[PDB]
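This document starts with one chain, in the form deposited in one PDB entry, laid out as structure tokens.
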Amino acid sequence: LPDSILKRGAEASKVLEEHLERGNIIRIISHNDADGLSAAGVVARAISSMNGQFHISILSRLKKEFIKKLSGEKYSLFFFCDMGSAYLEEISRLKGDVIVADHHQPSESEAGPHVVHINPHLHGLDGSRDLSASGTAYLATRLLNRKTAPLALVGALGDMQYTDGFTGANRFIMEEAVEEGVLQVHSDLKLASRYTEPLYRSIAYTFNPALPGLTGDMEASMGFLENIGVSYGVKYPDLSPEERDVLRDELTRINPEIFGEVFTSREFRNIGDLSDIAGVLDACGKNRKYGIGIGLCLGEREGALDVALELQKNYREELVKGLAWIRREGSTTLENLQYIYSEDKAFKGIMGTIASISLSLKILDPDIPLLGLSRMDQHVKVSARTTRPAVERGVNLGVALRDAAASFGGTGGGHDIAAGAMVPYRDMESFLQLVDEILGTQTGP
């Protein structure tokens, strides 16, 4: 990684260690996903390795009315993880010392003399491929503690930074943890929750990489194992190399991407590999159980874990319901577009996820872009998703959704492979035709 980001991380490692000398308690503010949670856990474990104290708040968004609330708190150091860049002037106003470890699209109005931004964008690194908020926090706290490098990668996983290998600083952090002896890389089958589920559920719940026929299908995987010589109820670590060699051979036919890198730290032995941990933190976040999530990053392991594993389990049962619905009621196709639609509240928060899983499983044609639609009374939340072939071929959902949404006083955007929009329900039909007419110009002439 470029020297500047290790310099700037060291600049922020100074500000911390000197407040911990004085006995100051540190304020941590972070985001509520796996990257946010794992980021907070990083700073918290650096802080506990030096007998410091801290006060964590976990929020979904950062609002101005919270940074104003923050300024009468009388804390000497504010450590923002996975949020800040957007609201830099308002955090510059804040008294005392400040650290923003974020990886979002920063403010060119780049404020703060008391403030220490770390953000991989400002060191010509990629903010959605090469380093995560949890990763950036480890750069901020490398000099104090190096045992936290696993959590750094957990955030990177949850936040989808893995194409054929961790790029950039994540690779660097991955390298570094291996040398430290806290992380182990291995090539193995990438099955969901191996230590903790029987083989057939583990194959059923492997949503990424998708397993056509098997993913989200207990009876089929159960079937699949039975008729290939393998005990559907035994745990994956309890197989023998020749039956391991059989499942590997067959699962590789169904999708070769299932064999590849798997990361394990001795702190998470019994729970999961770093992907499974990410999953668990995401489930805690999505149930507003932030103390359970943080608990886990700090080693807490009794009933908290069992609660956390059950949140994962429940969420996975949603996604099967989920892909089972998709499936019963297919997508209605049109010109350069698919779309599916629900008024069921059960699917409002899951729609994008099942949308893109359903393309990986080939249920719905991966070449045609897919618009998940969820009715929120007078508005319709839109989750757009397509394949890598569909982009390298014109399709850009990032712009198209912004164009068409703003047309009807609504609001959309993103990338590229994946966009979101909020649109009036009265307009939905004309909106769906306008995206279709916009994609047609994006691929045709």
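Between two forms, the rigid core is the largest collection of C-alphas that superpose within 1.5 Å. Residue numbers run from 1 along the displayed sequence.
- Compared with the other entries of this protein, residue 111 is frequently left unbuilt, missing from a third or more of those that build its neighbours.
- Higher mean CA temperature factor, per the PDB entry, when comparing 286-294 with 125-133: 125-133.
- Here the stretch with the larger average CA B-factor, out of 137-145 and 108-116, is 108-116.
- Out of 353, 202, 336, 264, the entry records its largest CA B-factor for 336.
- Of the candidates 103, 248, 95, 186, the deposited coordinates give 95 the top C-alpha B factor.
- Per-chain ranking of the deposited C-alpha B factor places residue 327 in the highest third.
- In this PDB entry, the Cα temperature factor of residue 36 sits in the bottom third of its chain's modelled residues, the lowest group.
- In this PDB entry, residue 415 carries a Cα temperature factor that places it within the highest third of its chain's modelled residues.
- Among the modelled residues of the chain, residue 278 sits in the lowest third by CA temperature factor in this PDB entry.
- Residue 63 sits in the highest third of its chain by CA B factor, as recorded in the PDB entry.
The form deposited in another entry is left out here; the points below concern that form.
- Taking the core as reference between this form and the one not shown, the lone member of 271, 350, 125, 182 whose Cα moves by 2 Å or more is 350.
- In the core-superposed comparison between this form and the one not shown, residue 260 has its Cα shifted by less than 2 Å.
- Relative to the superposed core, residue 328 undergoes a C-alpha shift of no less than 2 Å between this form and the one not shown.
- Core-superposed comparison between this form and the one not shown: the C-alpha position of residue 408 differs by no less than 2 Å.
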